[PDB]
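Enquirer: dropping in the first section of the assembly, placed as in the complex:
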Amino acid sequence: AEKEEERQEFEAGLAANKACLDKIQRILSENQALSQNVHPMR
C-alpha cells in the first residue's frame, strides 16, 4: 500500500507538470505589452 501511494503521488506530479506546460502554451499565445498603461497619446 505504501509503494502504491508513492507511485500515485508521482503520477500526480506528472499531471501537474503537464498542466503547467499547457498554461505556459496559452500565455505564450497571449500577446500584450500594455503594463496597465498605453502612452497617453496612443
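Expert: Now that the structure is in, tell me what you want to look at. Numbers count the residues shown, from 1 in each chain, chains lettered A, B, ... in the order given.
Enquirer: contacts and neighbour counts: CA atoms only from here.
Expert: Fine.
Enquirer: number of nearby residues for residue A:9?
Expert: If you count neighbours by other Cα atoms under 10 Å, residue A:9 ends up with 12.
Enquirer: repeat that for residue A:21.
Expert: Count around residue A:21 with other Cα under 10 Å applied: 12.
Enquirer: which residue is nearest the middle of chain A?
Expert: The centroid of chain A falls nearest to residue A:20 when counting by Cα atoms, centre = their mean (2.8 Å).
Enquirer: measure it to residue A:27 for me?
Expert: 11 Å (Cα to Cα, to the nearest Å).
Enquirer: what does residue A:14 give?
Expert: The gap separating residue A:14 from residue A:27 is 20 Å, by Cα to Cα.
Enquirer: mind checking how far residue A:4 is from residue A:12?
Expert: As for residue A:4, its distance to residue A:12 is 12 Å (criterion: Cα to Cα).
Enquirer: ugh, typo on my part, it should be residue A:18
Expert: 10 Å.
Enquirer: with residue A:5 instead?
Expert: Applying Cα to Cα to residue A:5 and residue A:12 gives a distance of 11 Å.
Enquirer: ditto for residue A:21
Expert: 14 Å.
Enquirer: same question for residue A:19.
Expert: According to Cα to Cα, residue A:19 stands 11 Å off from residue A:12.
Enquirer: now residue A:32
Expert: As defined by Cα to Cα, residue A:32 lies at a distance of 33 Å from residue A:12.
Enquirer: out of the two, which sits in the busier spot?
Expert: Ranked by neighbour count (other Cα under 10 Å), residue A:32 and residue A:12 place residue A:12 first, with 12 against 6.
Enquirer: what's the burial count for residue A:33?
Expert: Neighbours of residue A:33 (other Cα under 10 Å): 7.
Enquirer: meant to ask about residue A:13
Expert: As a burial measure, residue A:13 scores 12 neighbours (other Cα under 10 Å).
Enquirer: tell me the secondary structure at it.
Expert: Look at residue A:13: counting by DSSP: H, G, I helix; E, B strand; the rest coil, its state is helix.
Enquirer: while you're at it, add chain B from this line:
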Amino acid sequence: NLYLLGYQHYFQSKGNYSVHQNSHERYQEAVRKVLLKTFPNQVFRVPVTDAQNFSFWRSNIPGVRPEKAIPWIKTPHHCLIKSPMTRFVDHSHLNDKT
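Expert: So, slotting chain B in with the rest:
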C-alpha cells in the same frame, strides 16, 4: 523560475472548521475545551504527523474491539481478580482514612 515543479499542496492532496468558524481564538478555546468532532484518521487518508501515524490505527466508535476487528490481538487474559475483602479495604481506606 525556482519552483515550477508541480505545486502539490500537501494537506490539500491528503467539521472542526464548522465548530470554530475558521477563527484562531475559537480553535484555541475549542482544543482547550475538547469539542472537536473530527479526528486525524477521520479526515486525513494518510498520516501526516508523527503522533498521528502513531495513533492512526484505532476506532472512535464506542462499540468496537480491535479484537474482533483483527483476530491476532486475541490474547488469553490472566487478570487478577481483586477479592471482595480486598475491594472492601480498598474503597474503605479511600473514603475513610481510619
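Enquirer: ok chain B is loaded, check the neighbour count of residue A:13 again?
Expert: 16 (other Cα atoms under 10 Å in any protein chain shown).
Enquirer: contacting residues for the residue nearest to it when sequence neighbours are not counted?
Expert: Leaving aside its sequence neighbours, residue A:13 sits nearest to residue B:6 (Cα to Cα, 6 or more residues apart in numbering or on different chains; 5.6 Å). If a contact means Cα atoms under 8 Å, 6 or more residues apart in numbering or on different chains, then residue B:6 has A:13, A:14, A:16, A:17, A:20 as its contacts.
Enquirer: any idea how far residue B:6 lies from residue A:18?
Expert: Separation of residue B:6 from residue A:18 (Cα to Cα): 9 Å.
Enquirer: repeat for residue A:32
Expert: From residue A:32 over to residue A:18 (counting by Cα to Cα), the distance is 25 Å.
Enquirer: which other residues reach the host helix or strand of residue B:28?
Expert: If you go by DSSP states H and E, residue B:28 is part of helix B:24-32. With contact meaning Cα under 8 Å, 6+ apart, helix B:24-32 is reached by B:20, B:36.
Enquirer: list the buried ones in it?
Expert: Going by neighbour count (16 or more other Cα atoms under 10 Å in any protein chain shown), the buried part of helix B:24-32 is residue B:27.
Enquirer: moving C-terminal of it, what's the next helix or strand?
Expert: Next along from helix B:24-32, by DSSP H and E: helix B:40-43.
Enquirer: what does that next one contact?
Expert: So helix B:40-43 is contacted by B:47, B:52, B:56 (Cα under 8 Å, 6+ apart).
Enquirer: so where do the helices sit in the chain?
Expert: All of this is about chain A. Ranges of helices in chain A, per DSSP state H, are A:2-29.
Enquirer: can you look at chain B instead?
Expert: In chain B, the segments counted as helices under DSSP H are B:10-13, B:16-20, B:24-32, B:40-43, B:50-54, B:66-69, B:84-95.
Enquirer: and the fourth one, C-alpha only, in CSV?
Expert: Same thing as helix B:40-43. The C-alpha coordinates for helix B:40-43 follow below in CSV (Å, rounded to 0.1, in the frame of the first residue of the first chain):
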residue,chain,number,x,y,z
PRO,B,40,-6.8,12.7,12.2
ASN,B,41,-7.9,9.4,10.7
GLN,B,42,-11.5,10.7,10.4
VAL,B,43,-10.2,13.4,7.9
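Enquirer: extra chain here, label it chain C:
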Amino acid sequence: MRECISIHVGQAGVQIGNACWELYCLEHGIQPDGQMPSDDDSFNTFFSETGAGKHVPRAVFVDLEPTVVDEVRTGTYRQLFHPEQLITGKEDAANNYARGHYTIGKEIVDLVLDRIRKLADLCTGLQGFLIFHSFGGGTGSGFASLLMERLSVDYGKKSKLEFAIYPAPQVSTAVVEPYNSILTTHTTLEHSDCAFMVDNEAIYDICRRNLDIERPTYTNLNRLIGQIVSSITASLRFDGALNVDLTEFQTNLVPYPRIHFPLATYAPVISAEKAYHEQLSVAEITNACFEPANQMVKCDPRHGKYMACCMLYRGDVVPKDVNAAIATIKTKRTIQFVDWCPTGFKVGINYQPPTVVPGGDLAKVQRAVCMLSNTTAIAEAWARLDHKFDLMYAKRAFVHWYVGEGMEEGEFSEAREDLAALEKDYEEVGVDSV
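Expert: Below is chain C, added to the chains above:
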C-alpha cells in the same frame, strides 16, 4: 492497592508516555474514549475509575513548549486524558539547564506539585513514581532536577524510578548537551532510587540488526521503551507465579547508595519473518540477554563485572527451564562476577505474555525476558563524557549563557569533581579482594 504515577517530562517524556499509554490501553481493553464495555483491578494501578464509569490515566505530562502537548490534546486520546493533567509552558529552556532550573521551572513547580498532590490523594497506597526524561533537553534536565529535589523532601520514603535518555557517545542532537548532562547527574545522584539510562544509538543498532527496519523514526524506539516498562509492570498488573513489585527489585539491585545505574535489556526482539524459522525458548532468550550486541547501552559488560542481575520472565515460562538456564550461565567463565556476590540472579515470573500493537515491529511471542544488570562496565561512558566536558570547559565555551541565566560558575567544577568521585567509587567496587 498497588499504584504507579507517571511524571513524564519533556518532548521525550511526552512521546514515550504516549507510547506507554497506548500500549496500556491496548492490553487492558479500555476504549479510546475511556470505556471498557466488554460486558477487575488490573487497570487499577494505572487507570482510575471515574464517577460515570470512565478510566483516567495517572500521569502528569509536563512540557515547557506548547506544541508537543497540543498535539496530544488534538490526538486520538484527547477524551482519554483529563485536560488538567497535561501541563504546558509558554517558553522552553532551549537546551539550557540554567533556564530549566532557575528562571523558568520555578513558575510551574507549584502547579505540577498541586497536580501530583491530587493524584497521590486519589491513590490510597502508592507504590512508585515512574519519572521519564532526557539528559539532553534543557527542560527535561533542569526542571526534572528541580522536581526531584522538591519531591524528595515532599515524599521522603517513596520509590522514584527514573528512565532517562543518556546522550549518545557518537551521534548527538545537541552541542550544549554535555554541560546539562553533567549538571543533572548531581540530582540523579542524591535524589533518585534507580536509573534506566537509554541510548538511541544502541537502540538504532538493535532495531536495524534484528527488526529489519532500515529506516525507523522515534516511534519505533518508543514502542520498545513501552515494552520495557510494561515488562517491568507486568508482575504488578497481571497474575504470576513469582510476582515482583517495585521495592524488591529496588532492594536487590543497589549495592551502595551511590550506585543505582543498572542497564535494561529486552529479549526476544525479532521480526515476524525472523521468528517464523526460530524456535524460541528460555535458554535462547536468556542467552540473547547477555550478548554485547543486544546491550541497550553502548558499553561492554565483558570489560566489567556484574554485581547484580534481575530477571523478569514473562509468558509460558517454566521455572525448570529458568533454573537450568541460570545454571548454564553460571557454569561459564564468560560471565564475570565480583568476589563478593556469589549469587546474583533475581527471578521474577509472570504468566501473561506481552501484547503486540499493530503498527509495531515485534512479533507476537509466547515467552520473553527482561534483564536489569547492575555492572561496573558503565564507568567508561561517564569517562568519555568527562573527556568531552573537560575539553569543553577548558576554553569556557557557552558558559556565558548559563552565567547570564544566573547559575554560579563553580557548580560546573563541583559537578565534574562529583562525577569523577563516582567513577572512582565504581573503580573501588570493581577492585577485588583476592
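Enquirer: take the contacts of helix B:40-43 again, chain C included.
Expert: Residues from elsewhere that reach helix B:40-43, judged by Cα under 8 Å, 6+ apart: B:47, B:52, B:56, C:75, C:76.
Enquirer: wait, the last one sits on residue C:31?
Expert: No: taking contacts as Cα atoms under 8 Å, residue C:76 lies outside contact range of residue C:31: 10.8 Å.
Enquirer: can you count the residues close to residue C:121?
Expert: 12.
Enquirer: do the same with residue C:211
Expert: By other Cα under 10 Å, the residues close to residue C:211 number 19.
Enquirer: in strands only, show me the contacts of helix B:40-43.
Expert: Judged by DSSP state E, the contacts of helix B:40-43 include no members of strands.
Enquirer: JSON lines for those, including neighbour count and distance to chain A?
Expert: As requested, these are arranged in JSON lines below (neighbours: other Cα atoms under 10 Å in any protein chain shown; distance: Cα to the nearest Cα, whole Å):
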{"residue": "B:47", "neighbour count": "16", "distance to chain A": "11"}
{"residue": "B:52", "neighbour count": "20", "distance to chain A": "16"}
{"residue": "B:56", "neighbour count": "21", "distance to chain A": "14"}
{"residue": "C:75", "neighbour count": "19", "distance to chain A": "23"}
{"residue": "C:76", "neighbour count": "26", "distance to chain A": "22"}
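Enquirer: which of these sits closest to residue C:408?
Expert: residue C:75 (41.7 Å; Cα to Cα).
Enquirer: give me every residue that touches that closest one.
Expert: Counting by Cα under 8 Å, 6+ apart, residue C:75 makes contact with B:39, B:40, B:51, B:52, B:55.
Enquirer: one more time with 10 Å
Expert: Going by Cα atoms under 10 Å, 6 or more residues apart in numbering or on different chains, residue C:75 touches B:39, B:40, B:41, B:51, B:52, B:54, B:55, B:56, C:69.
Enquirer: got the buried residues for the helix or strand containing the last one?
Expert: Think residue C:69. Taking DSSP H and E as the criterion, residue C:69 maps to helix C:66-73. Using 16+ other Cα under 10 Å as the test for burial, helix C:66-73 gives C:66, C:68, C:69, C:70, C:71, C:72, C:73.
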